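As stored in start_0.pdb (PDB, C-alpha atoms (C1' of nucleotides)):
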ATOM      1  CA  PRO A   7       0.000   0.000   0.000  1.00  0.00           C
ATOM      2  CA  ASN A   8       1.124   3.617   0.425  1.00  0.00           C
ATOM      3  CA  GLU A   9       3.387   3.771   3.476  1.00  0.00           C
ATOM      4  CA  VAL A  10       4.683   7.032   4.988  1.00  0.00           C
ATOM      5  CA  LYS A  11       7.529   7.286   7.572  1.00  0.00           C
ATOM      6  CA  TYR A  12       8.693   4.077   9.232  1.00  0.00           C
ATOM      7  CA  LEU A  13       8.560   5.281  12.826  1.00  0.00           C
ATOM      8  CA  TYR A  14      11.753   4.159  14.549  1.00  0.00           C
ATOM      9  CA  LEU A  15      12.433   5.163  18.156  1.00  0.00           C
ATOM     10  CA  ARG A  16      14.506   3.607  20.949  1.00  0.00           C
ATOM     11  CA  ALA A  17      12.044   1.905  23.268  1.00  0.00           C
ATOM     12  CA  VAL A  18      11.423  -0.856  25.779  1.00  0.00           C
ATOM     13  CA  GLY A  19       9.892  -4.296  25.218  1.00  0.00           C
ATOM     14  CA  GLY A  20       7.199  -3.249  27.659  1.00  0.00           C
ATOM     15  CA  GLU A  21       6.162   0.227  26.523  1.00  0.00           C
ATOM     16  CA  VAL A  22       5.197  -0.405  22.913  1.00  0.00           C
ATOM     17  CA  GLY A  23       1.994  -2.443  22.905  1.00  0.00           C
ATOM     18  CA  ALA A  24       0.624  -0.651  25.973  1.00  0.00           C
ATOM     19  CA  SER A  25      -0.190   3.051  25.703  1.00  0.00           C
ATOM     20  CA  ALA A  26       2.437   5.784  26.218  1.00  0.00           C
ATOM     21  CA  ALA A  27       4.573   6.421  23.099  1.00  0.00           C
ATOM     22  CA  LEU A  28       2.564   3.753  21.187  1.00  0.00           C
ATOM     23  CA  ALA A  29      -0.582   5.788  20.529  1.00  0.00           C
ATOM     24  CA  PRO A  30       0.304   9.512  19.899  1.00  0.00           C
ATOM     25  CA  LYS A  31       2.908   9.007  17.136  1.00  0.00           C
ATOM     26  CA  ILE A  32       0.380   7.119  14.976  1.00  0.00           C
ATOM     27  CA  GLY A  33      -2.628   9.004  16.383  1.00  0.00           C
ATOM     28  CA  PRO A  34      -3.244  12.178  14.292  1.00  0.00           C
ATOM     29  CA  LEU A  35      -1.608  10.336  11.364  1.00  0.00           C
ATOM     30  CA  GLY A  36      -4.617   8.041  11.372  1.00  0.00           C
ATOM     31  CA  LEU A  37      -4.155   4.416  12.366  1.00  0.00           C
ATOM     32  CA  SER A  38      -6.314   2.271  14.658  1.00  0.00           C
ATOM     33  CA  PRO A  39      -3.825   2.328  17.549  1.00  0.00           C
ATOM     34  CA  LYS A  40      -5.179  -0.608  19.586  1.00  0.00           C
ATOM     35  CA  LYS A  41      -4.741  -3.005  16.639  1.00  0.00           C
ATOM     36  CA  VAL A  42      -1.227  -1.614  16.133  1.00  0.00           C
ATOM     37  CA  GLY A  43      -0.482  -2.407  19.794  1.00  0.00           C
ATOM     38  CA  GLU A  44      -2.187  -5.800  19.280  1.00  0.00           C
ATOM     39  CA  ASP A  45       0.402  -6.832  16.685  1.00  0.00           C
ATOM     40  CA  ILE A  46       3.276  -5.341  18.723  1.00  0.00           C
ATOM     41  CA  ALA A  47       1.968  -7.197  21.822  1.00  0.00           C
ATOM     42  CA  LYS A  48       3.027 -10.414  20.063  1.00  0.00           C
ATOM     43  CA  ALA A  49       6.640  -9.198  20.144  1.00  0.00           C
ATOM     44  CA  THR A  50       6.822  -7.391  23.513  1.00  0.00           C
ATOM     45  CA  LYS A  51       5.074 -10.338  25.217  1.00  0.00           C
ATOM     46  CA  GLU A  52       8.057 -12.648  24.606  1.00  0.00           C
ATOM     47  CA  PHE A  53      10.616  -9.818  24.454  1.00  0.00           C
ATOM     48  CA  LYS A  54       9.726  -8.772  28.004  1.00  0.00           C
ATOM     49  CA  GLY A  55      11.735  -5.719  29.080  1.00  0.00           C
ATOM     50  CA  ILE A  56      14.455  -6.081  26.438  1.00  0.00           C
ATOM     51  CA  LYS A  57      16.065  -3.505  24.109  1.00  0.00           C
ATOM     52  CA  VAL A  58      13.673  -3.841  21.121  1.00  0.00           C
ATOM     53  CA  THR A  59      12.225  -1.450  18.534  1.00  0.00           C
ATOM     54  CA  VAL A  60       9.150  -1.666  16.373  1.00  0.00           C
ATOM     55  CA  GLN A  61       8.662   0.401  13.214  1.00  0.00           C
ATOM     56  CA  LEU A  62       5.128   1.804  13.424  1.00  0.00           C
ATOM     57  CA  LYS A  63       4.723   2.536   9.724  1.00  0.00           C
ATOM     58  CA  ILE A  64       1.621   4.371   8.558  1.00  0.00           C
ATOM     59  CA  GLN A  65      -0.216   2.031   6.165  1.00  0.00           C
ATOM     60  CA  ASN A  66      -3.921   2.078   5.176  1.00  0.00           C
ATOM     61  CA  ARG A  67      -5.107   2.549   8.788  1.00  0.00           C
ATOM     62  CA  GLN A  68      -3.051  -0.532   9.705  1.00  0.00           C
ATOM     63  CA  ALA A  69       0.405  -1.304  10.995  1.00  0.00           C
ATOM     64  CA  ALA A  70       2.225  -4.473  11.950  1.00  0.00           C
ATOM     65  CA  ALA A  71       5.665  -4.653  13.497  1.00  0.00           C
ATOM     66  CA  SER A  72       8.032  -7.011  15.263  1.00  0.00           C
ATOM     67  CA  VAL A  73      11.697  -5.998  15.152  1.00  0.00           C
ATOM     68  CA  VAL A  74      14.721  -7.325  17.006  1.00  0.00           C
ATOM     69  CA  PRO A  75      17.168  -4.521  16.127  1.00  0.00           C
ATOM     70  CA  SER A  76      20.433  -6.264  16.930  1.00  0.00           C
ATOM     71  CA  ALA A  77      21.937  -9.227  18.830  1.00  0.00           C
ATOM     72  CA  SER A  78      19.452  -8.351  21.655  1.00  0.00           C
ATOM     73  CA  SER A  79      16.536 -10.836  21.668  1.00  0.00           C
ATOM     74  CA  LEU A  80      18.524 -13.627  20.026  1.00  0.00           C
ATOM     75  CA  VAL A  81      21.027 -14.380  22.816  1.00  0.00           C
ATOM     76  CA  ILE A  82      18.506 -14.208  25.696  1.00  0.00           C
ATOM     77  CA  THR A  83      15.877 -16.050  23.588  1.00  0.00           C
ATOM     78  CA  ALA A  84      18.503 -18.800  23.105  1.00  0.00           C
ATOM     79  CA  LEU A  85      18.580 -18.995  26.933  1.00  0.00           C
ATOM     80  CA  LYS A  86      14.902 -19.952  26.408  1.00  0.00           C
ATOM     81  CA  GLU A  87      13.472 -17.852  29.219  1.00  0.00           C
ATOM     82  CA  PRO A  88      13.979 -14.271  27.912  1.00  0.00           C
ATOM     83  CA  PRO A  89      13.899 -11.438  30.517  1.00  0.00           C
ATOM     84  CA  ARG A  90      16.854  -9.125  30.991  1.00  0.00           C
ATOM     85  CA  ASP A  91      18.931 -10.988  33.575  1.00  0.00           C
ATOM     86  CA  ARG A  92      19.755  -8.013  35.858  1.00  0.00           C
ATOM     87  CA  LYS A  93      23.553  -7.698  35.509  1.00  0.00           C
ATOM     88  CA  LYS A  94      26.632  -9.811  35.785  1.00  0.00           C
ATOM     89  CA  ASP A  95      27.493 -13.277  37.029  1.00  0.00           C
ATOM     90  CA  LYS A  96      30.614 -12.341  39.060  1.00  0.00           C
ATOM     91  CA  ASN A  97      28.396 -11.538  42.078  1.00  0.00           C
ATOM     92  CA  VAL A  98      25.920 -13.930  43.794  1.00  0.00           C
ATOM     93  CA  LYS A  99      24.070 -13.848  40.510  1.00  0.00           C
ATOM     94  CA  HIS A 100      24.066 -15.332  36.976  1.00  0.00           C
ATOM     95  CA  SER A 101      21.683 -16.363  34.206  1.00  0.00           C
ATOM     96  CA  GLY A 102      22.395 -19.925  33.028  1.00  0.00           C
ATOM     97  CA  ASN A 103      24.045 -21.202  29.870  1.00  0.00           C
ATOM     98  CA  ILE A 104      23.489 -21.254  26.114  1.00  0.00           C
ATOM     99  CA  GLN A 105      24.319 -24.509  24.278  1.00  0.00           C
ATOM    100  CA  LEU A 106      27.027 -24.610  21.555  1.00  0.00           C
ATOM    101  CA  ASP A 107      24.483 -25.331  18.785  1.00  0.00           C
ATOM    102  CA  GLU A 108      22.048 -22.665  20.075  1.00  0.00           C
ATOM    103  CA  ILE A 109      24.612 -19.823  20.321  1.00  0.00           C
ATOM    104  CA  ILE A 110      26.202 -20.594  16.934  1.00  0.00           C
ATOM    105  CA  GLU A 111      22.818 -20.623  15.125  1.00  0.00           C
ATOM    106  CA  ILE A 112      22.640 -16.891  15.919  1.00  0.00           C
ATOM    107  CA  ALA A 113      26.029 -16.614  14.160  1.00  0.00           C
ATOM    108  CA  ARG A 114      24.553 -18.618  11.251  1.00  0.00           C
ATOM    109  CA  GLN A 115      21.745 -16.018  11.071  1.00  0.00           C
ATOM    110  CA  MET A 116      23.988 -12.926  11.175  1.00  0.00           C
ATOM    111  CA  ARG A 117      26.263 -13.945   8.344  1.00  0.00           C
ATOM    112  CA  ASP A 118      23.986 -12.322   5.787  1.00  0.00           C
ATOM    113  CA  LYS A 119      23.833  -9.429   8.301  1.00  0.00           C
ATOM    114  CA  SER A 120      27.498  -9.696   9.383  1.00  0.00           C
ATOM    115  CA  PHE A 121      30.081  -9.808   6.587  1.00  0.00           C
ATOM    116  CA  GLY A 122      31.748 -12.992   7.908  1.00  0.00           C
ATOM    117  CA  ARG A 123      34.962 -14.275   6.288  1.00  0.00           C
ATOM    118  CA  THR A 124      34.995 -17.864   7.540  1.00  0.00           C
ATOM    119  CA  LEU A 125      32.407 -19.751   9.657  1.00  0.00           C
ATOM    120  CA  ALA A 126      34.497 -19.178  12.798  1.00  0.00           C
ATOM    121  CA  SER A 127      34.171 -15.376  12.467  1.00  0.00           C
ATOM    122  CA  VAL A 128      30.810 -14.276  13.900  1.00  0.00           C
ATOM    123  CA  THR A 129      31.079 -17.407  16.089  1.00  0.00           C
ATOM    124  CA  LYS A 130      33.474 -15.705  18.569  1.00  0.00           C
ATOM    125  CA  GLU A 131      31.726 -12.310  18.117  1.00  0.00           C
ATOM    126  CA  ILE A 132      28.444 -13.602  19.604  1.00  0.00           C
ATOM    127  CA  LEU A 133      30.339 -15.849  22.096  1.00  0.00           C
ATOM    128  CA  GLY A 134      31.530 -12.572  23.678  1.00  0.00           C
ATOM    129  CA  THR A 135      27.855 -11.591  24.058  1.00  0.00           C
ATOM    130  CA  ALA A 136      27.141 -15.120  25.377  1.00  0.00           C
ATOM    131  CA  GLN A 137      29.269 -14.488  28.476  1.00  0.00           C
ATOM    132  CA  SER A 138      28.015 -10.868  28.635  1.00  0.00           C
ATOM    133  CA  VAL A 139      24.403 -11.876  29.425  1.00  0.00           C
ATOM    134  CA  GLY A 140      25.678 -13.949  32.397  1.00  0.00           C
ATOM    135  CA  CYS A 141      25.541 -17.224  30.470  1.00  0.00           C
ATOM    136  CA  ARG A 142      28.348 -19.129  28.736  1.00  0.00           C
ATOM    137  CA  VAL A 143      28.761 -21.818  26.070  1.00  0.00           C
ATOM    138  CA  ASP A 144      27.993 -25.453  26.982  1.00  0.00           C
TER     139      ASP A 144
ATOM    140  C1'   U B   1     105.664  58.685  77.453  1.00  0.00           C
ATOM    141  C1'   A B   2     106.941  60.324  71.827  1.00  0.00           C
ATOM    142  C1'   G B   3     108.211  59.898  66.277  1.00  0.00           C
ATOM    143  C1'   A B   4     109.478  56.144  62.960  1.00  0.00           C
ATOM    144  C1'   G B   5     109.245  50.048  61.243  1.00  0.00           C
ATOM    145  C1'   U B   6     105.241  46.360  60.243  1.00  0.00           C
ATOM    146  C1'   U B   7     100.274  44.811  59.996  1.00  0.00           C
ATOM    147  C1'   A B   8      94.832  42.662  62.552  1.00  0.00           C
ATOM    148  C1'   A B   9      89.583  43.088  62.872  1.00  0.00           C
ATOM    149  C1'   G B  10      87.784  45.419  58.546  1.00  0.00           C
ATOM    150  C1'   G B  11      87.269  49.232  53.918  1.00  0.00           C
ATOM    151  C1'   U B  12      88.542  51.795  48.152  1.00  0.00           C
ATOM    152  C1'   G B  13      81.386  54.686  43.159  1.00  0.00           C
ATOM    153  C1'   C B  14      80.561  59.184  46.503  1.00  0.00           C
ATOM    154  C1'   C B  15      79.204  62.477  51.234  1.00  0.00           C
ATOM    155  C1'   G B  16      84.648  61.403  53.528  1.00  0.00           C
ATOM    156  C1'   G B  17      91.130  58.928  52.278  1.00  0.00           C
ATOM    157  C1'   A B  18      92.022  54.685  48.864  1.00  0.00           C
ATOM    158  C1'   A B  19      90.547  50.308  42.002  1.00  0.00           C
ATOM    159  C1'   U B  20      84.786  53.940  37.876  1.00  0.00           C
ATOM    160  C1'   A B  21      90.566  47.801  38.391  1.00  0.00           C
ATOM    161  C1'   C B  22      91.644  42.650  36.122  1.00  0.00           C
ATOM    162  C1'   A B  23      89.600  37.564  34.549  1.00  0.00           C
ATOM    163  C1'   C B  24      85.343  34.285  33.944  1.00  0.00           C
ATOM    164  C1'   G B  25      79.867  33.566  34.532  1.00  0.00           C
ATOM    165  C1'   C B  26      73.971  32.807  35.323  1.00  0.00           C
ATOM    166  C1'   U B  27      70.857  37.011  35.620  1.00  0.00           C
ATOM    167  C1'   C B  28      69.829  43.626  34.617  1.00  0.00           C
ATOM    168  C1'   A B  29      64.629  42.950  38.267  1.00  0.00           C
ATOM    169  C1'   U B  30      67.666  48.705  41.053  1.00  0.00           C
ATOM    170  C1'   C B  31      67.971  42.360  42.231  1.00  0.00           C
ATOM    171  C1'   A B  32      70.612  44.242  46.491  1.00  0.00           C
ATOM    172  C1'   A B  33      65.933  45.088  51.363  1.00  0.00           C
ATOM    173  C1'   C B  34      61.965  39.433  56.298  1.00  0.00           C
ATOM    174  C1'   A B  35      58.141  35.779  55.726  1.00  0.00           C
ATOM    175  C1'   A B  36      55.137  29.595  55.169  1.00  0.00           C
ATOM    176  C1'   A B  37      51.288  26.431  53.200  1.00  0.00           C
ATOM    177  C1'   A B  38      50.793  26.298  48.107  1.00  0.00           C
ATOM    178  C1'   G B  39      52.034  27.447  42.883  1.00  0.00           C
ATOM    179  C1'   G B  40      54.186  29.301  37.715  1.00  0.00           C
ATOM    180  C1'   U B  41      55.230  28.870  29.186  1.00  0.00           C
ATOM    181  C1'   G B  42      60.716  34.345  33.073  1.00  0.00           C
ATOM    182  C1'   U B  43      65.727  31.856  31.886  1.00  0.00           C
ATOM    183  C1'   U B  44      70.200  28.496  31.926  1.00  0.00           C
ATOM    184  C1'   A B  45      72.980  23.832  32.815  1.00  0.00           C
ATOM    185  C1'   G B  46      73.852  18.475  34.002  1.00  0.00           C
ATOM    186  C1'   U B  47      72.158  13.273  34.243  1.00  0.00           C
ATOM    187  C1'   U B  48      68.779   9.234  32.894  1.00  0.00           C
ATOM    188  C1'   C B  49      64.924   7.563  29.747  1.00  0.00           C
ATOM    189  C1'   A B  50      60.338   7.215  26.377  1.00  0.00           C
ATOM    190  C1'   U B  51      60.700   8.942  21.175  1.00  0.00           C
ATOM    191  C1'   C B  52      63.526   9.415  15.829  1.00  0.00           C
ATOM    192  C1'   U B  53      64.766   8.623   8.369  1.00  0.00           C
ATOM    193  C1'   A B  54      62.731   1.825  10.993  1.00  0.00           C
ATOM    194  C1'   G B  55      59.819   9.271   9.064  1.00  0.00           C
ATOM    195  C1'   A B  56      60.246  12.317  15.963  1.00  0.00           C
ATOM    196  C1'   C B  57      56.647  16.278  16.911  1.00  0.00           C
ATOM    197  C1'   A B  58      53.044  20.575  15.793  1.00  0.00           C
ATOM    198  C1'   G B  59      49.549  22.898  12.531  1.00  0.00           C
ATOM    199  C1'   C B  60      46.360  21.942   8.543  1.00  0.00           C
ATOM    200  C1'   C B  61      43.669  18.129   6.462  1.00  0.00           C
ATOM    201  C1'   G B  62      40.055  12.938   7.299  1.00  0.00           C
ATOM    202  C1'   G B  63      37.889   7.645   7.836  1.00  0.00           C
ATOM    203  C1'   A B  64      33.874   9.191  11.390  1.00  0.00           C
ATOM    204  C1'   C B  65      32.909   2.133   8.991  1.00  0.00           C
ATOM    205  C1'   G B  66      29.757  -3.666   8.895  1.00  0.00           C
ATOM    206  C1'   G B  67      27.747  -6.821  13.202  1.00  0.00           C
ATOM    207  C1'   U B  68      24.517  -2.777  15.968  1.00  0.00           C
ATOM    208  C1'   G B  69      20.711   0.030  19.775  1.00  0.00           C
ATOM    209  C1'   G B  70      26.857  -5.801  21.294  1.00  0.00           C
ATOM    210  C1'   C B  71      25.336  -7.120  26.316  1.00  0.00           C
ATOM    211  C1'   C B  72      23.388  -5.688  31.201  1.00  0.00           C
ATOM    212  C1'   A B  73      21.969  -1.534  35.912  1.00  0.00           C
ATOM    213  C1'   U B  74      16.587   0.696  35.449  1.00  0.00           C
ATOM    214  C1'   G B  75      10.711   3.552  35.563  1.00  0.00           C
ATOM    215  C1'   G B  76      13.944   4.421  31.087  1.00  0.00           C
ATOM    216  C1'   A B  77      20.155   3.527  30.152  1.00  0.00           C
ATOM    217  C1'   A B  78      20.505   4.917  24.804  1.00  0.00           C
ATOM    218  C1'   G B  79      28.954   3.870  23.106  1.00  0.00           C
ATOM    219  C1'   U B  80      27.204   7.622  26.349  1.00  0.00           C
ATOM    220  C1'   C B  81      24.153   4.118  34.437  1.00  0.00           C
ATOM    221  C1'   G B  82      26.669  -0.002  36.745  1.00  0.00           C
TER     222        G B  82
END
The structure given in the file should be rewritten as structure tokens.
Amino acid sequence: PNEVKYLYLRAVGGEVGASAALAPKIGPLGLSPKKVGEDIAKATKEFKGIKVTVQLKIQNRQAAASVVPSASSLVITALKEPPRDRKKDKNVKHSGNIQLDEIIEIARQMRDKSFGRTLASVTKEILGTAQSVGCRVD
RNA sequence: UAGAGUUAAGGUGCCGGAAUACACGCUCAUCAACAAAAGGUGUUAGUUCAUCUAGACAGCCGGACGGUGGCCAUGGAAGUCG
């Protein structure tokens, strides 16, 4: 259809779907904002309090969006319970572990996104992020 | 108790007798003429070391990249909170 600006904005996986910044940026532009937040409440249900965008593009009184912008909801979704953990494992704290096959299938995804030389490239890249989230490789 | 012979403590630009001398040197502020914590592109030298044609350093001039909003504090955290 005719689509106007693709409305990017840094936001939480908790805000968009609800009310606050969801409704007014599509409001006078002329969508049905509860069915926009219906589609986005597929994404921000599973991506619960994570760093995730959604592009609220102005279609024919419709919008649909589910965006993981980065490495974000790939590493913690590979943990299989995806909140944000609440900082590092060096304390009396930690997340769990990602499996070797589960962490490297993220690296098999971002190899059309990443410009990877060999198939050991984006492997170590996302293994850095694997220990960042308070997990590890298993 | 007195005139000579020789010199200490210390002086010679001038009031007021005696070098406006000699050699080398930082510095010329009239320094010379009190004062600490605490501090400085005046200005000079020695020693040790990073650094150097294996292109030192400054000014002027650029590339500001793909993954990507990496991850996580948190109401939110965004390279840019921990």
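Picked out by the PyMOL selection byres ((chain A) within 6 of (chain B)) when it runs on this file: residues 76, 93, 120, 135, 138 and 139 of chain A.
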Evaluate the PyMOL selection byres ((chain A and resi 47) around 10) on the structure here and hand back the selected residues as an mmCIF file with C-alpha atoms, in the frame of the given file.
data_model
loop_
_atom_site.group_PDB
_atom_site.id
_atom_site.type_symbol
_atom_site.label_atom_id
_atom_site.label_comp_id
_atom_site.auth_asym_id
_atom_site.auth_seq_id
_atom_site.Cartn_x
_atom_site.Cartn_y
_atom_site.Cartn_z
ATOM 1 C CA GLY A 19 9.892 -4.296 25.218
ATOM 2 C CA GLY A 20 7.199 -3.249 27.659
ATOM 3 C CA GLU A 21 6.162 0.227 26.523
ATOM 4 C CA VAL A 22 5.197 -0.405 22.913
ATOM 5 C CA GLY A 23 1.994 -2.443 22.905
ATOM 6 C CA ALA A 24 0.624 -0.651 25.973
ATOM 7 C CA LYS A 40 -5.179 -0.608 19.586
ATOM 8 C CA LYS A 41 -4.741 -3.005 16.639
ATOM 9 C CA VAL A 42 -1.227 -1.614 16.133
ATOM 10 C CA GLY A 43 -0.482 -2.407 19.794
ATOM 11 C CA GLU A 44 -2.187 -5.800 19.280
ATOM 12 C CA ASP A 45 0.402 -6.832 16.685
ATOM 13 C CA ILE A 46 3.276 -5.341 18.723
ATOM 14 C CA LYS A 48 3.027 -10.414 20.063
ATOM 15 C CA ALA A 49 6.640 -9.198 20.144
ATOM 16 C CA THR A 50 6.822 -7.391 23.513
ATOM 17 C CA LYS A 51 5.074 -10.338 25.217
ATOM 18 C CA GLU A 52 8.057 -12.648 24.606
ATOM 19 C CA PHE A 53 10.616 -9.818 24.454
ATOM 20 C CA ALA A 71 5.665 -4.653 13.497
ATOM 21 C CA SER A 72 8.032 -7.011 15.263
#
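The spacing separating CA of residue 100 (chain A) from CA of residue 142 (chain A) amounts to 10.0 Å.
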(message) Here's a test: counting all atoms listed in the file, identify every protein, DNA and RNA residue with an atom at most 7 Å from (20.3, -14.9, 16.1) in the file's coordinate frame, and state them as an MDAnalysis selection string.
(response) chainID A and resid 77 80:81 111:113 115:116
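If you measure from each of A:99, A:94, A:63, A:123 to residue 137 (chain A) using all atoms listed in the file, the closest one turns out to be A:94.
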(message) I want to know what sits within 9 Å of region 30-38 of chain A, based on only C-alpha atoms (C1' of nucleotides), with residues of the same chain fewer than 6 positions away left out; could you give that as a ChimeraX atom specification?
(response) /A:13,62-69
(message) Env of residue 74 (chain A): 8 Å cut, atoms = all atoms listed in the file, seq-sep filter 3 positions within chain, self excluded. Answer as a PyMOL selection string.
(response) chain A and resi 58-60+77-80
Rebuild region 115-130 of chain A to N, CA, C and O atoms - output it as a CSV table (one decimal), in the frame of the given file, please.
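See out.csv below for the written result:
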chain,number,residue,atom,x,y,z
A,115,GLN,N,22.8,-17.0,11.5
A,115,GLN,CA,21.7,-16.0,11.1
A,115,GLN,C,22.4,-14.8,10.6
A,115,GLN,O,22.3,-14.3,9.5
A,116,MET,N,23.2,-14.1,11.5
A,116,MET,CA,24.0,-12.9,11.2
A,116,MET,C,25.3,-13.3,10.5
A,116,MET,O,26.4,-13.3,11.1
A,117,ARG,N,25.1,-13.7,9.2
A,117,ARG,CA,26.3,-13.9,8.3
A,117,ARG,C,25.8,-13.5,7.0
A,117,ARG,O,26.6,-13.4,6.0
A,118,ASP,N,24.5,-13.2,6.8
A,118,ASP,CA,24.0,-12.3,5.8
A,118,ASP,C,23.8,-10.9,6.3
A,118,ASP,O,23.9,-10.0,5.5
A,119,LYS,N,23.7,-10.7,7.7
A,119,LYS,CA,23.8,-9.4,8.3
A,119,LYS,C,25.3,-9.1,8.5
A,119,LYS,O,25.8,-8.1,8.0
A,120,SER,N,26.1,-9.9,9.2
A,120,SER,CA,27.5,-9.7,9.4
A,120,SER,C,28.2,-10.1,8.1
A,120,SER,O,27.7,-11.0,7.4
A,121,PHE,N,29.3,-9.4,7.7
A,121,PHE,CA,30.1,-9.8,6.6
A,121,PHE,C,31.1,-10.7,7.1
A,121,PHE,O,32.2,-10.3,7.4
A,122,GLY,N,30.8,-12.1,7.3
A,122,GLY,CA,31.7,-13.0,7.9
A,122,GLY,C,32.6,-13.7,6.9
A,122,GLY,O,32.1,-14.1,5.8
A,123,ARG,N,33.9,-13.8,7.2
A,123,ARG,CA,35.0,-14.3,6.3
A,123,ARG,C,34.9,-15.8,6.2
A,123,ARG,O,34.7,-16.4,5.1
A,124,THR,N,35.1,-16.4,7.4
A,124,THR,CA,35.0,-17.9,7.5
A,124,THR,C,33.8,-18.1,8.4
A,124,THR,O,33.0,-17.2,8.7
A,125,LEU,N,33.6,-19.4,8.9
A,125,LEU,CA,32.4,-19.8,9.7
A,125,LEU,C,32.9,-19.9,11.1
A,125,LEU,O,32.3,-20.7,11.9
A,126,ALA,N,34.0,-19.2,11.5
A,126,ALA,CA,34.5,-19.2,12.8
A,126,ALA,C,34.6,-17.7,13.2
A,126,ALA,O,35.1,-17.4,14.3
A,127,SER,N,34.1,-16.8,12.3
A,127,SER,CA,34.2,-15.4,12.5
A,127,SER,C,33.2,-14.9,13.5
A,127,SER,O,33.6,-14.7,14.7
A,128,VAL,N,31.9,-14.7,13.1
A,128,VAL,CA,30.8,-14.3,13.9
A,128,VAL,C,30.4,-15.3,15.0
A,128,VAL,O,29.6,-15.0,15.9
A,129,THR,N,31.1,-16.4,15.0
A,129,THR,CA,31.1,-17.4,16.1
A,129,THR,C,31.6,-16.8,17.4
A,129,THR,O,30.9,-16.9,18.4
A,130,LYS,N,32.9,-16.2,17.4
A,130,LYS,CA,33.5,-15.7,18.6
A,130,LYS,C,32.9,-14.4,19.0
A,130,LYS,O,32.8,-14.1,20.2
